[PDB]
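Engineer: Supplied structure: my_file-v7.cif, mmCIF, C-alpha atoms; chains and numbers go by the auth columns.
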data_upload
#
loop_
_atom_site.group_PDB
_atom_site.id
_atom_site.type_symbol
_atom_site.label_atom_id
_atom_site.label_comp_id
_atom_site.label_asym_id
_atom_site.label_seq_id
_atom_site.Cartn_x
_atom_site.Cartn_y
_atom_site.Cartn_z
_atom_site.B_iso_or_equiv
_atom_site.auth_seq_id
_atom_site.auth_asym_id
ATOM 1 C CA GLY A 1 -80.069 -71.186 -93.983 0.00 1 A
ATOM 2 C CA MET A 2 -82.971 -72.481 -91.862 0.00 2 A
ATOM 3 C CA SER A 3 -84.957 -70.450 -89.339 0.00 3 A
ATOM 4 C CA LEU A 4 -85.206 -71.825 -85.803 0.00 4 A
ATOM 5 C CA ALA A 5 -88.975 -72.003 -86.282 0.00 5 A
ATOM 6 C CA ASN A 6 -88.440 -74.335 -89.232 0.00 6 A
ATOM 7 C CA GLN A 7 -85.859 -76.341 -87.295 0.00 7 A
ATOM 8 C CA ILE A 8 -88.340 -76.776 -84.474 0.00 8 A
ATOM 9 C CA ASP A 9 -91.099 -77.709 -86.933 0.00 9 A
ATOM 10 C CA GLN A 10 -88.884 -80.359 -88.591 0.00 10 A
ATOM 11 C CA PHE A 11 -87.710 -81.671 -85.239 0.00 11 A
ATOM 12 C CA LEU A 12 -91.240 -82.156 -83.935 0.00 12 A
ATOM 13 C CA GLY A 13 -92.221 -83.795 -87.229 0.00 13 A
ATOM 14 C CA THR A 14 -89.430 -86.346 -86.768 0.00 14 A
ATOM 15 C CA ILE A 15 -90.504 -87.162 -83.217 0.00 15 A
ATOM 16 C CA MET A 16 -94.143 -87.473 -84.354 0.00 16 A
ATOM 17 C CA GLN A 17 -93.214 -89.712 -87.297 0.00 17 A
ATOM 18 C CA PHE A 18 -91.164 -91.931 -84.945 0.00 18 A
ATOM 19 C CA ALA A 19 -94.281 -92.154 -82.785 0.00 19 A
ATOM 20 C CA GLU A 20 -96.425 -93.193 -85.773 0.00 20 A
ATOM 21 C CA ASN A 21 -94.193 -96.257 -86.192 0.00 21 A
ATOM 22 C CA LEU A 22 -98.903 -102.277 -71.609 0.00 36 A
ATOM 23 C CA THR A 23 -100.362 -98.889 -70.708 0.00 37 A
ATOM 24 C CA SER A 24 -97.890 -96.608 -68.989 0.00 38 A
ATOM 25 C CA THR A 25 -99.574 -97.187 -65.620 0.00 39 A
ATOM 26 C CA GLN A 26 -99.250 -100.973 -66.079 0.00 40 A
ATOM 27 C CA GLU A 27 -95.614 -100.688 -67.131 0.00 41 A
ATOM 28 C CA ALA A 28 -94.892 -98.396 -64.163 0.00 42 A
ATOM 29 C CA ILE A 29 -96.365 -101.002 -61.798 0.00 43 A
ATOM 30 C CA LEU A 30 -94.242 -103.689 -63.464 0.00 44 A
ATOM 31 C CA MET A 31 -91.120 -101.591 -62.879 0.00 45 A
ATOM 32 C CA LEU A 32 -92.141 -100.760 -59.343 0.00 46 A
ATOM 33 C CA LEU A 33 -92.927 -104.407 -58.481 0.00 47 A
ATOM 34 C CA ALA A 34 -89.598 -105.391 -60.055 0.00 48 A
ATOM 35 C CA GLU A 35 -87.968 -103.543 -57.156 0.00 49 A
ATOM 36 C CA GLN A 36 -90.280 -104.290 -54.236 0.00 50 A
ATOM 37 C CA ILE A 37 -93.419 -106.199 -53.338 0.00 51 A
ATOM 38 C CA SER A 38 -96.188 -103.722 -52.510 0.00 52 A
ATOM 39 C CA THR A 39 -99.858 -103.095 -51.769 0.00 53 A
ATOM 40 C CA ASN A 40 -102.498 -101.177 -53.683 0.00 54 A
ATOM 41 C CA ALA A 41 -102.039 -98.233 -51.283 0.00 55 A
ATOM 42 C CA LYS A 42 -98.273 -98.182 -51.645 0.00 56 A
ATOM 43 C CA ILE A 43 -98.627 -98.359 -55.413 0.00 57 A
ATOM 44 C CA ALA A 44 -101.159 -95.522 -55.487 0.00 58 A
ATOM 45 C CA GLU A 45 -98.943 -93.298 -53.314 0.00 59 A
ATOM 46 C CA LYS A 46 -95.726 -93.965 -55.248 0.00 60 A
ATOM 47 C CA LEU A 47 -97.396 -93.554 -58.643 0.00 61 A
ATOM 48 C CA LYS A 48 -99.554 -90.587 -57.602 0.00 62 A
ATOM 49 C CA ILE A 49 -102.727 -92.164 -59.052 0.00 63 A
ATOM 50 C CA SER A 50 -106.208 -93.003 -57.783 0.00 64 A
ATOM 51 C CA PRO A 51 -106.948 -96.370 -56.103 0.00 65 A
ATOM 52 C CA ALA A 52 -109.407 -97.151 -58.920 0.00 66 A
ATOM 53 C CA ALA A 53 -106.666 -96.640 -61.497 0.00 67 A
ATOM 54 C CA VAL A 54 -104.350 -98.993 -59.560 0.00 68 A
ATOM 55 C CA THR A 55 -106.999 -101.712 -59.256 0.00 69 A
ATOM 56 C CA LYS A 56 -107.713 -101.382 -62.965 0.00 70 A
ATOM 57 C CA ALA A 57 -104.020 -101.710 -63.900 0.00 71 A
ATOM 58 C CA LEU A 58 -103.367 -104.519 -61.415 0.00 72 A
ATOM 59 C CA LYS A 59 -106.294 -106.500 -62.894 0.00 73 A
ATOM 60 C CA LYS A 60 -104.916 -106.253 -66.423 0.00 74 A
ATOM 61 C CA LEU A 61 -101.444 -107.316 -65.275 0.00 75 A
ATOM 62 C CA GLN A 62 -102.960 -110.257 -63.325 0.00 76 A
ATOM 63 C CA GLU A 63 -105.002 -111.457 -66.336 0.00 77 A
ATOM 64 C CA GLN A 64 -101.720 -111.475 -68.276 0.00 78 A
ATOM 65 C CA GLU A 65 -100.022 -113.460 -65.485 0.00 79 A
ATOM 66 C CA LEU A 66 -97.405 -110.737 -65.138 0.00 80 A
ATOM 67 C CA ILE A 67 -98.090 -110.292 -61.410 0.00 81 A
ATOM 68 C CA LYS A 68 -99.604 -112.326 -58.568 0.00 82 A
ATOM 69 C CA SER A 69 -101.244 -111.569 -55.248 0.00 83 A
ATOM 70 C CA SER A 70 -100.301 -113.045 -51.892 0.00 84 A
ATOM 71 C CA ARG A 71 -101.169 -112.332 -48.269 0.00 85 A
ATOM 72 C CA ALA A 72 -98.898 -110.364 -45.948 0.00 86 A
ATOM 73 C CA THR A 73 -97.338 -112.971 -43.646 0.00 87 A
ATOM 74 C CA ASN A 74 -97.914 -110.558 -40.757 0.00 88 A
ATOM 75 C CA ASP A 75 -101.488 -109.518 -41.596 0.00 89 A
ATOM 76 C CA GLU A 76 -104.107 -111.676 -43.353 0.00 90 A
ATOM 77 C CA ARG A 77 -106.099 -108.666 -44.582 0.00 91 A
ATOM 78 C CA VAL A 78 -103.348 -107.075 -46.648 0.00 92 A
ATOM 79 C CA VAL A 79 -102.789 -108.168 -50.218 0.00 93 A
ATOM 80 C CA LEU A 80 -99.283 -107.916 -51.646 0.00 94 A
ATOM 81 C CA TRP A 81 -98.409 -107.995 -55.328 0.00 95 A
ATOM 82 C CA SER A 82 -95.233 -109.256 -56.956 0.00 96 A
ATOM 83 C CA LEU A 83 -93.953 -110.273 -60.374 0.00 97 A
ATOM 84 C CA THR A 84 -94.393 -113.775 -61.708 0.00 98 A
ATOM 85 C CA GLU A 85 -91.413 -115.650 -63.164 0.00 99 A
ATOM 86 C CA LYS A 86 -92.788 -114.798 -66.610 0.00 100 A
ATOM 87 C CA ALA A 87 -92.677 -111.072 -65.830 0.00 101 A
ATOM 88 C CA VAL A 88 -89.113 -110.972 -64.511 0.00 102 A
ATOM 89 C CA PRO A 89 -87.417 -110.667 -67.948 0.00 103 A
ATOM 90 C CA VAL A 90 -90.225 -108.418 -69.161 0.00 104 A
ATOM 91 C CA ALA A 91 -89.580 -105.915 -66.370 0.00 105 A
ATOM 92 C CA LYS A 92 -85.837 -106.311 -66.746 0.00 106 A
ATOM 93 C CA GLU A 93 -86.077 -105.554 -70.475 0.00 107 A
ATOM 94 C CA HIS A 94 -88.259 -102.478 -69.875 0.00 108 A
ATOM 95 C CA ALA A 95 -86.042 -101.192 -67.074 0.00 109 A
ATOM 96 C CA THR A 96 -82.991 -101.591 -69.310 0.00 110 A
ATOM 97 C CA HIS A 97 -84.630 -99.744 -72.194 0.00 111 A
ATOM 98 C CA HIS A 98 -85.664 -96.872 -69.930 0.00 112 A
ATOM 99 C CA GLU A 99 -82.225 -96.602 -68.396 0.00 113 A
ATOM 100 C CA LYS A 100 -80.530 -96.648 -71.798 0.00 114 A
ATOM 101 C CA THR A 101 -82.865 -93.943 -73.118 0.00 115 A
ATOM 102 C CA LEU A 102 -82.170 -91.719 -70.086 0.00 116 A
ATOM 103 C CA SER A 103 -78.424 -92.371 -70.363 0.00 117 A
ATOM 104 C CA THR A 104 -78.587 -91.153 -73.939 0.00 118 A
ATOM 105 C CA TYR A 105 -80.397 -87.954 -72.915 0.00 119 A
ATOM 106 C CA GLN A 106 -77.905 -87.503 -70.077 0.00 120 A
ATOM 107 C CA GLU A 107 -74.855 -87.905 -72.315 0.00 121 A
ATOM 108 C CA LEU A 108 -76.292 -85.373 -74.768 0.00 122 A
ATOM 109 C CA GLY A 109 -77.045 -82.948 -71.930 0.00 123 A
ATOM 110 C CA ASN A 110 -73.494 -83.377 -70.626 0.00 124 A
ATOM 111 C CA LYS A 111 -72.191 -81.758 -73.808 0.00 125 A
ATOM 112 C CA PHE A 112 -73.719 -78.510 -72.541 0.00 126 A
ATOM 113 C CA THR A 113 -72.736 -76.270 -69.615 0.00 127 A
ATOM 114 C CA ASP A 114 -75.215 -75.706 -66.796 0.00 128 A
ATOM 115 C CA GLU A 115 -76.017 -72.311 -68.286 0.00 129 A
ATOM 116 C CA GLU A 116 -76.714 -73.868 -71.699 0.00 130 A
ATOM 117 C CA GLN A 117 -78.805 -76.578 -70.033 0.00 131 A
ATOM 118 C CA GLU A 118 -80.918 -73.845 -68.434 0.00 132 A
ATOM 119 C CA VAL A 119 -81.542 -72.358 -71.851 0.00 133 A
ATOM 120 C CA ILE A 120 -82.583 -75.789 -73.138 0.00 134 A
ATOM 121 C CA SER A 121 -84.730 -76.457 -70.052 0.00 135 A
ATOM 122 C CA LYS A 122 -86.654 -73.185 -70.427 0.00 136 A
ATOM 123 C CA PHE A 123 -87.064 -73.799 -74.146 0.00 137 A
ATOM 124 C CA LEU A 124 -88.475 -77.295 -73.607 0.00 138 A
ATOM 125 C CA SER A 125 -90.869 -76.209 -70.827 0.00 139 A
ATOM 126 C CA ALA A 126 -92.326 -73.422 -72.965 0.00 140 A
ATOM 127 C CA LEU A 127 -92.671 -75.705 -75.978 0.00 141 A
ATOM 128 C CA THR A 128 -94.242 -78.464 -73.823 0.00 142 A
ATOM 129 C CA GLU A 129 -97.023 -76.033 -72.894 0.00 143 A
ATOM 130 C CA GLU A 130 -97.973 -75.609 -76.555 0.00 144 A
ATOM 131 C CA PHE A 131 -98.778 -79.355 -76.533 0.00 145 A
ATOM 132 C CA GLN A 132 -100.634 -79.658 -73.197 0.00 146 A
ATOM 133 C CA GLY B 1 -85.362 -81.084 -58.718 0.00 1 B
ATOM 134 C CA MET B 2 -85.495 -82.787 -62.136 0.00 2 B
ATOM 135 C CA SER B 3 -82.492 -83.813 -64.223 0.00 3 B
ATOM 136 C CA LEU B 4 -82.332 -82.526 -67.798 0.00 4 B
ATOM 137 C CA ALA B 5 -82.409 -86.146 -68.962 0.00 5 B
ATOM 138 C CA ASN B 6 -85.751 -86.586 -67.211 0.00 6 B
ATOM 139 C CA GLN B 7 -87.009 -83.273 -68.583 0.00 7 B
ATOM 140 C CA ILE B 8 -86.108 -84.399 -72.079 0.00 8 B
ATOM 141 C CA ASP B 9 -87.734 -87.796 -71.494 0.00 9 B
ATOM 142 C CA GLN B 10 -90.979 -86.162 -70.276 0.00 10 B
ATOM 143 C CA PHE B 11 -90.938 -83.651 -73.109 0.00 11 B
ATOM 144 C CA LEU B 12 -90.607 -86.325 -75.780 0.00 12 B
ATOM 145 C CA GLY B 13 -93.340 -88.354 -74.073 0.00 13 B
ATOM 146 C CA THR B 14 -95.696 -85.374 -74.348 0.00 14 B
ATOM 147 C CA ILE B 15 -94.959 -84.890 -78.042 0.00 15 B
ATOM 148 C CA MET B 16 -95.428 -88.635 -78.661 0.00 16 B
ATOM 149 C CA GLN B 17 -98.711 -88.721 -76.723 0.00 17 B
ATOM 150 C CA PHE B 18 -99.960 -85.712 -78.733 0.00 18 B
ATOM 151 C CA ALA B 19 -99.081 -87.699 -81.849 0.00 19 B
ATOM 152 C CA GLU B 20 -101.059 -90.730 -80.622 0.00 20 B
ATOM 153 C CA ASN B 21 -104.192 -88.556 -80.588 0.00 21 B
ATOM 154 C CA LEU B 22 -103.583 -86.585 -96.923 0.00 36 B
ATOM 155 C CA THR B 23 -100.018 -87.894 -96.925 0.00 37 B
ATOM 156 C CA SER B 24 -97.430 -85.178 -96.482 0.00 38 B
ATOM 157 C CA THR B 25 -96.503 -85.347 -100.174 0.00 39 B
ATOM 158 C CA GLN B 26 -100.174 -84.865 -101.145 0.00 40 B
ATOM 159 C CA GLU B 27 -100.596 -81.977 -98.720 0.00 41 B
ATOM 160 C CA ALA B 28 -97.375 -80.375 -100.004 0.00 42 B
ATOM 161 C CA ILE B 29 -98.715 -80.548 -103.571 0.00 43 B
ATOM 162 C CA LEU B 30 -101.991 -78.998 -102.396 0.00 44 B
ATOM 163 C CA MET B 31 -100.066 -76.113 -100.826 0.00 45 B
ATOM 164 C CA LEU B 32 -97.831 -75.744 -103.843 0.00 46 B
ATOM 165 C CA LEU B 33 -100.771 -75.776 -106.296 0.00 47 B
ATOM 166 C CA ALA B 34 -102.537 -73.251 -104.055 0.00 48 B
ATOM 167 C CA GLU B 35 -99.817 -70.802 -105.096 0.00 49 B
ATOM 168 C CA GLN B 36 -99.175 -71.705 -108.729 0.00 50 B
ATOM 169 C CA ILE B 37 -100.338 -74.043 -111.465 0.00 51 B
ATOM 170 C CA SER B 38 -97.540 -76.492 -112.281 0.00 52 B
ATOM 171 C CA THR B 39 -96.404 -79.622 -114.104 0.00 53 B
ATOM 172 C CA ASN B 40 -95.214 -82.971 -112.810 0.00 54 B
ATOM 173 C CA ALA B 41 -91.603 -81.895 -113.471 0.00 55 B
ATOM 174 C CA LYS B 42 -91.975 -78.595 -111.659 0.00 56 B
ATOM 175 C CA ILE B 43 -93.602 -80.375 -108.738 0.00 57 B
ATOM 176 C CA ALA B 44 -90.851 -82.994 -108.569 0.00 58 B
ATOM 177 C CA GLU B 45 -88.116 -80.330 -108.627 0.00 59 B
ATOM 178 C CA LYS B 46 -89.728 -78.078 -106.007 0.00 60 B
ATOM 179 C CA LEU B 47 -90.574 -80.973 -103.688 0.00 61 B
ATOM 180 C CA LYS B 48 -87.288 -82.827 -104.247 0.00 62 B
ATOM 181 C CA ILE B 49 -89.074 -86.146 -104.916 0.00 63 B
ATOM 182 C CA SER B 50 -89.085 -88.756 -107.676 0.00 64 B
ATOM 183 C CA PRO B 51 -91.447 -88.453 -110.682 0.00 65 B
ATOM 184 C CA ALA B 52 -93.098 -91.730 -109.620 0.00 66 B
ATOM 185 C CA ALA B 53 -93.852 -90.278 -106.194 0.00 67 B
ATOM 186 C CA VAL B 54 -95.407 -87.175 -107.806 0.00 68 B
ATOM 187 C CA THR B 55 -97.582 -89.219 -110.171 0.00 69 B
ATOM 188 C CA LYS B 56 -98.697 -91.354 -107.244 0.00 70 B
ATOM 189 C CA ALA B 57 -99.637 -88.308 -105.133 0.00 71 B
ATOM 190 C CA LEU B 58 -101.272 -86.470 -108.037 0.00 72 B
ATOM 191 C CA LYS B 59 -103.457 -89.536 -108.743 0.00 73 B
ATOM 192 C CA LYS B 60 -104.729 -89.678 -105.168 0.00 74 B
ATOM 193 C CA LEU B 61 -105.501 -85.950 -105.163 0.00 75 B
ATOM 194 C CA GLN B 62 -107.310 -86.292 -108.533 0.00 76 B
ATOM 195 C CA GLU B 63 -109.451 -89.223 -107.310 0.00 77 B
ATOM 196 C CA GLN B 64 -110.476 -86.976 -104.405 0.00 78 B
ATOM 197 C CA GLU B 65 -111.312 -84.139 -106.827 0.00 79 B
ATOM 198 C CA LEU B 66 -108.873 -81.870 -105.015 0.00 80 B
ATOM 199 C CA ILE B 67 -106.940 -81.082 -108.209 0.00 81 B
ATOM 200 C CA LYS B 68 -107.565 -81.161 -111.965 0.00 82 B
ATOM 201 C CA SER B 69 -105.437 -81.436 -115.077 0.00 83 B
ATOM 202 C CA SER B 70 -105.529 -79.119 -118.069 0.00 84 B
ATOM 203 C CA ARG B 71 -103.378 -78.565 -121.144 0.00 85 B
ATOM 204 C CA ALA B 72 -100.823 -75.768 -121.403 0.00 86 B
ATOM 205 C CA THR B 73 -102.412 -73.189 -123.717 0.00 87 B
ATOM 206 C CA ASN B 74 -99.016 -72.818 -125.402 0.00 88 B
ATOM 207 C CA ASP B 75 -98.136 -76.518 -125.714 0.00 89 B
ATOM 208 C CA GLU B 76 -100.616 -79.395 -126.135 0.00 90 B
ATOM 209 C CA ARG B 77 -98.202 -81.988 -124.726 0.00 91 B
ATOM 210 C CA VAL B 78 -97.765 -80.431 -121.297 0.00 92 B
ATOM 211 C CA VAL B 79 -100.220 -81.210 -118.538 0.00 93 B
ATOM 212 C CA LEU B 80 -100.811 -78.584 -115.864 0.00 94 B
ATOM 213 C CA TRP B 81 -102.406 -79.217 -112.490 0.00 95 B
ATOM 214 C CA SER B 82 -104.436 -76.824 -110.373 0.00 96 B
ATOM 215 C CA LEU B 83 -106.815 -76.892 -107.424 0.00 97 B
ATOM 216 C CA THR B 84 -110.516 -77.480 -107.860 0.00 98 B
ATOM 217 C CA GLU B 85 -113.027 -75.142 -106.203 0.00 99 B
ATOM 218 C CA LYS B 86 -113.511 -77.829 -103.551 0.00 100 B
ATOM 219 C CA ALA B 87 -109.799 -77.780 -102.698 0.00 101 B
ATOM 220 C CA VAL B 88 -109.447 -74.012 -102.344 0.00 102 B
ATOM 221 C CA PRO B 89 -110.652 -73.834 -98.697 0.00 103 B
ATOM 222 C CA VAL B 90 -108.869 -77.094 -97.922 0.00 104 B
ATOM 223 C CA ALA B 91 -105.519 -75.653 -99.006 0.00 105 B
ATOM 224 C CA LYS B 92 -106.304 -72.336 -97.366 0.00 106 B
ATOM 225 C CA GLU B 93 -107.070 -74.087 -94.068 0.00 107 B
ATOM 226 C CA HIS B 94 -103.858 -76.145 -94.228 0.00 108 B
ATOM 227 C CA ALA B 95 -101.734 -73.143 -95.174 0.00 109 B
ATOM 228 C CA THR B 96 -103.207 -71.187 -92.263 0.00 110 B
ATOM 229 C CA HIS B 97 -102.539 -73.993 -89.794 0.00 111 B
ATOM 230 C CA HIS B 98 -98.939 -74.329 -90.962 0.00 112 B
ATOM 231 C CA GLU B 99 -98.335 -70.609 -90.768 0.00 113 B
ATOM 232 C CA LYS B 100 -99.848 -70.383 -87.289 0.00 114 B
ATOM 233 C CA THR B 101 -97.724 -73.297 -86.059 0.00 115 B
ATOM 234 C CA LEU B 102 -94.538 -71.688 -87.433 0.00 116 B
ATOM 235 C CA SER B 103 -95.519 -68.305 -85.975 0.00 117 B
ATOM 236 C CA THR B 104 -95.809 -69.970 -82.592 0.00 118 B
ATOM 237 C CA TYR B 105 -92.342 -71.534 -82.908 0.00 119 B
ATOM 238 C CA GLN B 106 -90.988 -68.186 -84.103 0.00 120 B
ATOM 239 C CA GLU B 107 -92.465 -66.231 -81.193 0.00 121 B
ATOM 240 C CA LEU B 108 -91.013 -68.749 -78.734 0.00 122 B
ATOM 241 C CA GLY B 109 -87.615 -68.561 -80.441 0.00 123 B
ATOM 242 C CA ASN B 110 -87.750 -64.760 -80.286 0.00 124 B
ATOM 243 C CA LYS B 111 -87.625 -64.967 -76.493 0.00 125 B
ATOM 244 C CA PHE B 112 -84.038 -66.183 -76.881 0.00 126 B
ATOM 245 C CA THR B 113 -80.900 -64.354 -78.047 0.00 127 B
ATOM 246 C CA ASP B 114 -79.087 -65.575 -81.150 0.00 128 B
ATOM 247 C CA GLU B 115 -76.511 -67.218 -78.902 0.00 129 B
ATOM 248 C CA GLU B 116 -79.236 -69.041 -76.951 0.00 130 B
ATOM 249 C CA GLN B 117 -80.905 -70.043 -80.224 0.00 131 B
ATOM 250 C CA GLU B 118 -77.616 -71.614 -81.320 0.00 132 B
ATOM 251 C CA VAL B 119 -77.562 -73.665 -78.147 0.00 133 B
ATOM 252 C CA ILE B 120 -81.136 -74.791 -78.831 0.00 134 B
ATOM 253 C CA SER B 121 -80.368 -75.485 -82.507 0.00 135 B
ATOM 254 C CA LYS B 122 -77.381 -77.708 -81.678 0.00 136 B
ATOM 255 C CA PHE B 123 -79.386 -79.478 -78.991 0.00 137 B
ATOM 256 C CA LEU B 124 -82.269 -80.222 -81.364 0.00 138 B
ATOM 257 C CA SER B 125 -79.999 -81.431 -84.197 0.00 139 B
ATOM 258 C CA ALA B 126 -78.189 -83.869 -81.908 0.00 140 B
ATOM 259 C CA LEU B 127 -81.447 -85.144 -80.434 0.00 141 B
ATOM 260 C CA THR B 128 -83.004 -85.473 -83.925 0.00 142 B
ATOM 261 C CA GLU B 129 -80.208 -87.890 -84.848 0.00 143 B
ATOM 262 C CA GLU B 130 -81.200 -90.232 -82.017 0.00 144 B
ATOM 263 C CA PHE B 131 -84.561 -90.599 -83.819 0.00 145 B
ATOM 264 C CA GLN B 132 -83.381 -90.965 -87.444 0.00 146 B
#
Give the structure from this file in structure tokens form.
Structural biologist:
Amino acid sequence: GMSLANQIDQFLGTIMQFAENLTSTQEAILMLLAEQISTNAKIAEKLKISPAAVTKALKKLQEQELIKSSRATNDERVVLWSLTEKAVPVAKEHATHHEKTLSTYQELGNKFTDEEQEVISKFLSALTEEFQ
Amino acid sequence: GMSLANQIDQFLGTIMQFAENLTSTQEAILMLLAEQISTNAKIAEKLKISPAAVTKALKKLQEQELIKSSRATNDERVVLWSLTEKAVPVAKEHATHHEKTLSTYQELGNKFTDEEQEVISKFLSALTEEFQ
């Protein structure tokens, strides 16, 4: 039989191999803008990142014509950002992938009782640490 | 609070990030040869790989002067392979890393009862599948 240590080793090897086959900030803005027009400030708050990081990601998305700025109809000083037509199916495709992935994790989790899920949760947190 | 699905998603993201920061056959031969001189046949059996794959990996290791061929003192037709002096500390360093990694997984596993470990084992097998 196989030790749990070896099972864990093999499992992590499989996830790392799969890895070896848009930044995440950019893709998170895409997803956010897919749901509501927003400002730099709003984006920084919702994403929990610095204003410099938001400006940097917004610039990359703009260069790619994934998003576009406009002026708040109420206030001429506030710049709003929204998806371009070109970005609509990009964001939709990313949102769908994310949702499907999470659904898969959720269905797997649902095969376990709350008590079992707590075991799994503690296991994953402790193992996460070894990789942070 | 955070759903298990989201915990799993974040956990896999961390392992994949860590990944984004010698082939495994070659390194397995190094480790094997670190413990005993062997032939192509022996290597293929122990590693569960094709003779072509072994020849391919042996050639790469030889080019790198990590291993060297010699003739079986008993039989002139059989080629044995062993580490070179240069490879000794390479294999030692790899063996030590592997052992340390497994020790870490083992110590983490030891914080869980056999029953909890079974929960974790089933969880990991089912999740592995999603990535094979």
Engineer: Selection in question (the file shown): the PyMOL selection byres ((chain A) within 9 of (chain B)). Which residues does it include, as a PDB file with C-alpha atoms, in the coordinates of the input?
Structural biologist:
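Written out: expr.pdb:
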ATOM      1  CA  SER A   3     -84.957 -70.450 -89.339  1.00  0.00           C
ATOM      2  CA  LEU A   4     -85.206 -71.825 -85.803  1.00  0.00           C
ATOM      3  CA  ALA A   5     -88.975 -72.003 -86.282  1.00  0.00           C
ATOM      4  CA  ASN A   6     -88.440 -74.335 -89.232  1.00  0.00           C
ATOM      5  CA  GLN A   7     -85.859 -76.341 -87.295  1.00  0.00           C
ATOM      6  CA  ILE A   8     -88.340 -76.776 -84.474  1.00  0.00           C
ATOM      7  CA  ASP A   9     -91.099 -77.709 -86.933  1.00  0.00           C
ATOM      8  CA  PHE A  11     -87.710 -81.671 -85.239  1.00  0.00           C
ATOM      9  CA  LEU A  12     -91.240 -82.156 -83.935  1.00  0.00           C
ATOM     10  CA  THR A  14     -89.430 -86.346 -86.768  1.00  0.00           C
ATOM     11  CA  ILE A  15     -90.504 -87.162 -83.217  1.00  0.00           C
ATOM     12  CA  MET A  16     -94.143 -87.473 -84.354  1.00  0.00           C
ATOM     13  CA  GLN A  17     -93.214 -89.712 -87.297  1.00  0.00           C
ATOM     14  CA  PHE A  18     -91.164 -91.931 -84.945  1.00  0.00           C
ATOM     15  CA  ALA A  19     -94.281 -92.154 -82.785  1.00  0.00           C
ATOM     16  CA  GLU A  20     -96.425 -93.193 -85.773  1.00  0.00           C
ATOM     17  CA  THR A 115     -82.865 -93.943 -73.118  1.00  0.00           C
ATOM     18  CA  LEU A 116     -82.170 -91.719 -70.086  1.00  0.00           C
ATOM     19  CA  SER A 117     -78.424 -92.371 -70.363  1.00  0.00           C
ATOM     20  CA  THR A 118     -78.587 -91.153 -73.939  1.00  0.00           C
ATOM     21  CA  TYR A 119     -80.397 -87.954 -72.915  1.00  0.00           C
ATOM     22  CA  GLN A 120     -77.905 -87.503 -70.077  1.00  0.00           C
ATOM     23  CA  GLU A 121     -74.855 -87.905 -72.315  1.00  0.00           C
ATOM     24  CA  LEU A 122     -76.292 -85.373 -74.768  1.00  0.00           C
ATOM     25  CA  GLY A 123     -77.045 -82.948 -71.930  1.00  0.00           C
ATOM     26  CA  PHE A 126     -73.719 -78.510 -72.541  1.00  0.00           C
ATOM     27  CA  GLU A 130     -76.714 -73.868 -71.699  1.00  0.00           C
ATOM     28  CA  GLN A 131     -78.805 -76.578 -70.033  1.00  0.00           C
ATOM     29  CA  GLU A 132     -80.918 -73.845 -68.434  1.00  0.00           C
ATOM     30  CA  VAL A 133     -81.542 -72.358 -71.851  1.00  0.00           C
ATOM     31  CA  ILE A 134     -82.583 -75.789 -73.138  1.00  0.00           C
ATOM     32  CA  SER A 135     -84.730 -76.457 -70.052  1.00  0.00           C
ATOM     33  CA  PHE A 137     -87.064 -73.799 -74.146  1.00  0.00           C
ATOM     34  CA  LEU A 138     -88.475 -77.295 -73.607  1.00  0.00           C
ATOM     35  CA  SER A 139     -90.869 -76.209 -70.827  1.00  0.00           C
ATOM     36  CA  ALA A 140     -92.326 -73.422 -72.965  1.00  0.00           C
ATOM     37  CA  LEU A 141     -92.671 -75.705 -75.978  1.00  0.00           C
ATOM     38  CA  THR A 142     -94.242 -78.464 -73.823  1.00  0.00           C
ATOM     39  CA  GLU A 144     -97.973 -75.609 -76.555  1.00  0.00           C
ATOM     40  CA  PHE A 145     -98.778 -79.355 -76.533  1.00  0.00           C
ATOM     41  CA  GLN A 146    -100.634 -79.658 -73.197  1.00  0.00           C
TER      42      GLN A 146
END
Engineer: Mind giving me the straight-line distance from CA of residue 56 in chain B to CA of residue 107 in chain B in Å, one decimal?
Structural biologist: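 Rounded to one decimal, the two atoms are 23.6 Å apart.
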Engineer: Return as a list in words the set of residues that the PyMOL selection byres ((chain B and resi 37-48) around 8) yields on the displayed structure.
Structural biologist: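 On this input, the PyMOL selection byres ((chain B and resi 37-48) around 8) captures residues 36, 49, 50, 51, 52, 57, 61, 68, 71, 72, 74, 75, 80, 81, 95, 96, 97, 101, 102, 105, 106, 108 and 109 of chain B.
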Engineer: Report the distance between CA of residue 70 in chain B and CA of residue 110 in chain B in Å, rounded to one decimal place.
Structural biologist: 25.5 Å
Engineer: Suppose you want the space between CA of residue 82 in chain B and CA of residue 98 in chain B; what is it in Å?
Structural biologist: 6.3 Å
Engineer: Using all atoms listed in the file, determine which residues lie at most 9 Å from residue 58 in chain A, disregarding the query and same-chain residues fewer than 6 positions distant; provide the list as a PyMOL selection string.
Structural biologist: chain A and resi 64-65+67-68
